[PDB]
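Architecture at a glance
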Amino acid sequence: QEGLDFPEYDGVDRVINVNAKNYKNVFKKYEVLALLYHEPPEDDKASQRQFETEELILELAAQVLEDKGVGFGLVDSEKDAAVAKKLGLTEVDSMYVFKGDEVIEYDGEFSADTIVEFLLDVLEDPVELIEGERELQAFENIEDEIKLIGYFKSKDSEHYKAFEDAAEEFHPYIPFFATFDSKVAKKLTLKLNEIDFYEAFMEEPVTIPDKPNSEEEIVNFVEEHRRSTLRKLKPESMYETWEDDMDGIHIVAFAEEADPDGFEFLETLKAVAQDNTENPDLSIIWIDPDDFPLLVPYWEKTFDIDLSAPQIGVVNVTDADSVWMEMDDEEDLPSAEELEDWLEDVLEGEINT
Amino acid sequence: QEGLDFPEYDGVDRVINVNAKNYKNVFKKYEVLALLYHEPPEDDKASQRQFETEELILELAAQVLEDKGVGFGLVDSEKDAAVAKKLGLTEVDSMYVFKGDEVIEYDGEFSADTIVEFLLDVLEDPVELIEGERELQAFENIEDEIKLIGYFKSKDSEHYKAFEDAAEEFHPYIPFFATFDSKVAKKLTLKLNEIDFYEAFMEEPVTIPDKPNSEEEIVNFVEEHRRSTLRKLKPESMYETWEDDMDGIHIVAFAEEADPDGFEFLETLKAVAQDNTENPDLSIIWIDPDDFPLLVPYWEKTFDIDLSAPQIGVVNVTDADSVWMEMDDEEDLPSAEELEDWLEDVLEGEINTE
Ligand SMILES: [Ca+2]
Ligand SMILES: [Ca+2]
Ligand SMILES: [Ca+2]
Ligand SMILES: [Ca+2]
Ligand SMILES: [Ca+2]
Ligand SMILES: [Ca+2]
Ligand SMILES: [Ca+2]
Ligand SMILES: [Ca+2]
Ligand SMILES: [Ca+2]
Ligand SMILES: [Ca+2]
Ligand SMILES: [Ca+2]
Ligand SMILES: [Ca+2]
Ligand SMILES: [Ca+2]
Ligand SMILES: [Ca+2]
Ligand SMILES: [Ca+2]
Ligand SMILES: [Ca+2]
Ligand SMILES: [Ca+2]
Ligand SMILES: [Ca+2]
Ligand SMILES: [Ca+2]
Ligand SMILES: [Ca+2]
Ligand SMILES: [Ca+2]
Ligand SMILES: [Ca+2]
Ligand SMILES: [Ca+2]
Ligand SMILES: [Ca+2]
Ligand SMILES: [Ca+2]
Ligand SMILES: [Ca+2]
Ligand SMILES: [Ca+2]
């Protein structure tokens, strides 16, 4: 047991209501402060089981992260509407994390381990250096998220400081990389002060134009390319992604990456997303069921599919109505051309929910 | 919300005490039955509640898996000592999962999502087929666990049936793969009815000798090669692995695989593992801190290390005393030869916790 003991809540009240009186003092009490902006719970007792148990989730995270200077608080959308408005808490059930001069919206799975992992990521520095062949291979292994890398001459470079300033705008959701090593820059085809932007799952980057780049030019570029043609659903941002629907629907692909059949389907999906990456109307959410075991039976029931096999369909975010590509079984996968044809009919509305 | 709605516990009592009077019926009710074998909780209310929250974890899992034929129950080590002995429940705080003729011990993180993911793995078939080049790439992509692959003529082969019987013995912890595809077999260098065993993180397999292989020969081989030179700690088996030290210590390497610094260290670690894989006294636990976020502050405090940098150290399993390889910072990583020398000093006893 010694060397491996999960923490058990100790009953100490660490998460309290944050109101117009105490909010100035709460902030001075923590290096990083995360505020859950919530609606007052319903008068019925069944909604209290959901509210108390989720405050206890924040209490566990508060306990785990105490010695790292993190604190958690609750902000009532009615009782505290005034202070909420001044702090910038506008989305009910989001958790706003305050680090330095940035406000980070958490809109992901409400679970202690996922919240703690997210705060640990927030506490890290917003730029990761790349030096040498091994660290470069590490950068190149990243595919399931947007990434940026820039080539500068040193930490003191004025353009590096603008890169770091832009990095803080998207922390911790978009990893920003910098290299001062010319051999790395050579392999990446980076001229000095050039910044390459890699859309998730794309092998070919786009250089931000008009080098060198100020913070404003980077922030503007990223905001314009924020939605990848193929996105992976991730627990830490699952509701942010799900709320970003394409005119009422999502195209959802289920594939277990480690399974031979899921891998085979996933390769086809990546290849089709790469070949159609310039289509502005095309977005696909890849869900690996192994990332969301507690939702697998729900999904199988709601969608009437077998998640032991790869699937792709259209999901309506209003009522969870759905239509799925017909496959005989896990061996009956579509070719890249059959997948494109199905995606084309979906986008033309010929395959509707 | 809609299409992305996590289940919340509904209050229905699905997990009950399983005892001499009802166990035969509980077993008959469920296709797959998971039994938590636990001591009676202490008389105070603090441990009485920690026991209730663990039962609520099983209640959520039971609710989520109800339609898949899975049930959960609780067996008291004192009140139900007799039925525990009858069923083979011996390790307090383990959960025993009954599928067909097998009894599968769960000794991993006690949380609803890890337990549900585990049971979903239990429900899967014990042998995965490989056909075609892309499924072969998927097989070759597996590295962080032991794996076996055999080449057979079809499922009607006696040797396939022996292989699937052996697979059931280790399900779901060691993935067994079968191919009937002679082109895949040629690419793997498998003769018909041969079985190759891949130790975790090793490029080159070991062929099980004395082809063709009975169930007993496969099981015996796997048991003798159960302990990889480099083993990744996983939530589903974390306590099983931690309780499996050889001599009183674990060599523990912390490395975040996705981080450039962790990756650089990890590649060195794998190289040293592969070069020293025949040393029977060498075994290293690789912990990726991102798999265990709720333990990261505790590890940092207990071990006096910074887990945003890679680390390797010796941990005594009796008193948690530890000693860590000294590194100036995350760039001061050892070479393969310096790691070897450090590991050699550990196994010689020069570097020790005492
Ligand atoms: Ca509280
Ligand atoms: Ca939201
Ligand atoms: Ca989890
Ligand atoms: Ca992390
Ligand atoms: Ca700055
Ligand atoms: Ca991140
Ligand atoms: Ca270029
Ligand atoms: Ca410019
Ligand atoms: Ca949001
Ligand atoms: Ca499969
Ligand atoms: Ca298959
Ligand atoms: Ca695109
Ligand atoms: Ca998982
Ligand atoms: Ca296939
Ligand atoms: Ca119960
Ligand atoms: Ca145990
Ligand atoms: Ca699984
Ligand atoms: Ca059999
Ligand atoms: Ca498994
Ligand atoms: Ca061979
Ligand atoms: Ca034989
Ligand atoms: Ca055990
Ligand atoms: Ca790093
Ligand atoms: Ca580095
Ligand atoms: Ca070995
Ligand atoms: Ca993680
Ligand atoms: Ca380095």
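Residues numbered from 1 in each chain as written, not as in the entry; some residues may be left out. Chains lettered and ligands numbered in written order. Heavy atoms only, no water. Residues with missing side-chain atoms left out of burial classes, pairs and counts.

This deposited entry lists X-ray crystallography as its structure determination method and 2.030 Å as its resolution.

Quick look at the overall build of chain A
When helices and strands are tallied, chain A shows 12 helices and 15 strands. A compact globule built from 353 residues would reach a C-alpha radius of gyration of about 20 Å, and chain A, at 22 Å, matches this within 12%. Viewed in the frame of its principal axes, chain A has a C-alpha envelope of about 60 × 55 × 45 Å. A separation of at least 24 residues holds for 72% of the contacts in chain A among residues at least 6 apart in sequence. (Helix = DSSP H or I, 4+ residues; strand = E, 2+ residues; numbered from the N terminus. Rg over C-alpha atoms; globule rule 2.2 N^0.38 Å. Contact = heavy atoms within 4.5 Å.)

Quick notes on the overall build of chain B
The helix and strand inventory of chain B stands at 12 helices and 15 strands. Against the 2.2 N^0.38 benchmark of 20 Å for 354 residues, chain B shows a C-alpha radius of gyration of 22 Å, consistent with a compact globule. For chain B, long-range pairs separated by at least 24 residues make up 73% of all intrachain contacts whose partners lie at least 6 apart in sequence.

Observations regarding the coordination of the calcium ion (ligand 4)
For the calcium ion (ligand 4), the full set of protein donor atoms is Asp 121 of chain A (OD), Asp 290 of chain B (OD) and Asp 290 of chain B (OD), and the range of their distances to it is 2.4 to 2.7 Å. Taken as a pair, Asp 121 of chain A in helix α4 (residues 112-123) and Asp 290 of chain B in the loop between β13 (284-287) and α11 (296-303) lie in two separate chains rather than in one. Residue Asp 121 of chain A is classed as partly exposed on the basis of its relative accessible area of 22%. (Donors = N, O, S within 2.8 Å, 3.2 Å for Na, K, Ca; no water. Buried < 20%, exposed > 50% of the residue type's maximum accessible area, 1.4 Å probe, protein only.)

Here we look at the sheet that holds strand β14 (residues 311-316) of chain A
Residues and elements named next belong to chain A. The strand order across the open sheet built from 5 strands is β11-β13-β12-β14-β15, with neighbouring strands paired in mixed fashion. Each of the sheet's edge strands pairs with one partner strand only, and the pair in question is β11 (230-232) and β15 (322-324). Strand-to-strand twist in this sheet, taken as the mean axis angle between neighbours without regard to direction, amounts to 30°. With 3 bridges joining them, β11 and strand β13 (residues 284-287) adopt parallel strand pairing. Residue pairing in the sheet places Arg 231 in a bridge with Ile 285 of β13. (Pairing = 2+ DSSP bridges. Axes fitted to C-alpha atoms, helices over the stretch in contact; angles between N-to-C directions.)

Points about the interface of chain B and chain A
Taken residue by residue, the interface counts 57 residues in chain B and 57 residues in chain A. Elements represented by at least two residues in the side of chain B that touches chain A include exactly α2 (45-64), α4 (112-123), β6 (127-129), α5 (132-141), α9 (238-242), α10 (260-275) and α11 of chain B. Looking at the side of chain B that touches chain A residue by residue, the class counts come to 29 nonpolar, 7 polar and 21 charged. (Nonpolar A, V, L, I, M, F, W, Y, C, P; charged D, E, K, R; others polar.)

A closer look at the side chain of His 38 of chain A
Secondary-structure assignment places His 38 of chain A in strand β2 (residues 32-38). Those residues in contact with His 38 of chain A that sit more than four places away from it in its chain are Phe 51, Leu 74, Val 75, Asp 76, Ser 77, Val 92 and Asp 93 of chain A.

Regarding the sheet that holds strand β11 (residues 230-232) of chain B
All names here are of chain B. The 5 strands lie next to each other as β11-β13-β12-β14-β15, forming an open sheet whose pairing is mixed. Since the sheet does not close on itself, it has two edges, and those belong to β11 and β15 (322-324), each with one partner. Each neighbouring strand pair of the sheet contributes to a mean axis angle of 25°, computed without reference to strand direction. Examined bridge by bridge, strand β14 (residues 311-316) and β15 share 3 bridges and lie antiparallel to one another. When the sheet's bridge partners are listed, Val 315 is paired in β15 with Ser 322. On top of the sheet, helix α12 (residues 336-348) reaches β12 (249-254), β13 and β14; it is set at about 5° to β14, its chief contact.

Description of the coordination of the calcium ion (ligand 13)
Coordination of the calcium ion (ligand 13) by the protein is provided by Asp 290 of chain A (O), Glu 117 of chain B (OE) and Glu 117 of chain B (OE), with metal-donor distances spanning 2.4 to 2.8 Å. Separated into two different chains, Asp 290 of chain A in the loop between β13 and α11 (296-303) and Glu 117 of chain B in helix α4 make up a pair that spans both. Take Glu 117 of chain B: its relative accessible area is 27%, and that puts it in the partly exposed class.

Some details on the environment of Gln 311 of chain B
Residues and elements named next belong to chain B. Looking at where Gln 311 falls in the secondary structure, it is placed in strand β14. For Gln 311, a relative accessible area of 9% translates into the label buried. Taking the C-alpha atoms as reference, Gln 311 lies 8.1 Å from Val 252; in sequence the two are 59 residues apart. Dropping the residues within four chain positions of it, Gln 311 is found in contact with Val 252, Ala 253, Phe 254, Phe 265, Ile 305, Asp 306, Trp 324 and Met 327. Polar side-chain contacts of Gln 311 include one of 2.9 Å to the backbone oxygen of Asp 306. (Polar contact = N/O pair within 3.5 Å; in protein donor to acceptor, adjacent residues only side chain to side chain.)

Some words on the environment of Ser 111 of chain B
Residues and elements named next belong to chain B. Considering the arrangement of structural elements, one finds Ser 111 in the loop between β5 (102-106) and α4. The buried category is assigned to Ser 111, whose relative accessible area is 15%. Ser 111 sits 23 residues away from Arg 134 along the chain, and the two C-alpha atoms are 34 Å apart. Engagement of the side chain of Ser 111 in a polar contact is seen with the side chain of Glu 109, the distance being 3.0 Å.

With respect to the pairing of β14 of chain A
All names here are of chain A. Of all 6 residues that make up β14, 6 are buried, and the element is covered over most of its length. Along β14, one buried face is formed by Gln 311, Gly 313 and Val 315 and the opposite face, lined by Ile 312, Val 314 and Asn 316, is buried too. Examined bridge by bridge, strand β12 (residues 249-254) and β14 share 6 bridges and lie antiparallel to one another. Each residue of the ladder has a partner; that of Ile 251, found in β14, is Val 314. As defined by bridge partners, β14 adjoins β15 across 3 bridges and the pair is classed as antiparallel. The partner of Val 315 across the bridge, within β15, is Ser 322. With antiparallel pairing between neighbouring strands as the criterion, β14 and β15 make up a hairpin whose turn holds 5 residues, including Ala 320 at a positive phi of roughly 65°.

Details of the pattern of salt bridges
Residues and elements named next belong to chain A. Under the counting rule described, the total for this entry stands at 24 salt bridges over all chains. Between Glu 145 and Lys 234 there is a salt bridge; the shortest N-O distance is 3.9 Å. In this pair, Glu 145 sits in the loop between α5 (132-141) and β7 (147-151) while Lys 234 sits in the loop between β11 and α9 (238-243), placing the two residues 89 residues apart along the sequence. By relative accessible area, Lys 234 is classed as buried at 13%. Between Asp 291 and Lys 232 there is a salt bridge whose closest N-O contact spans 3.8 Å. (Salt bridge = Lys/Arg side-chain N within 4 Å of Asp/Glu carboxyl O.)

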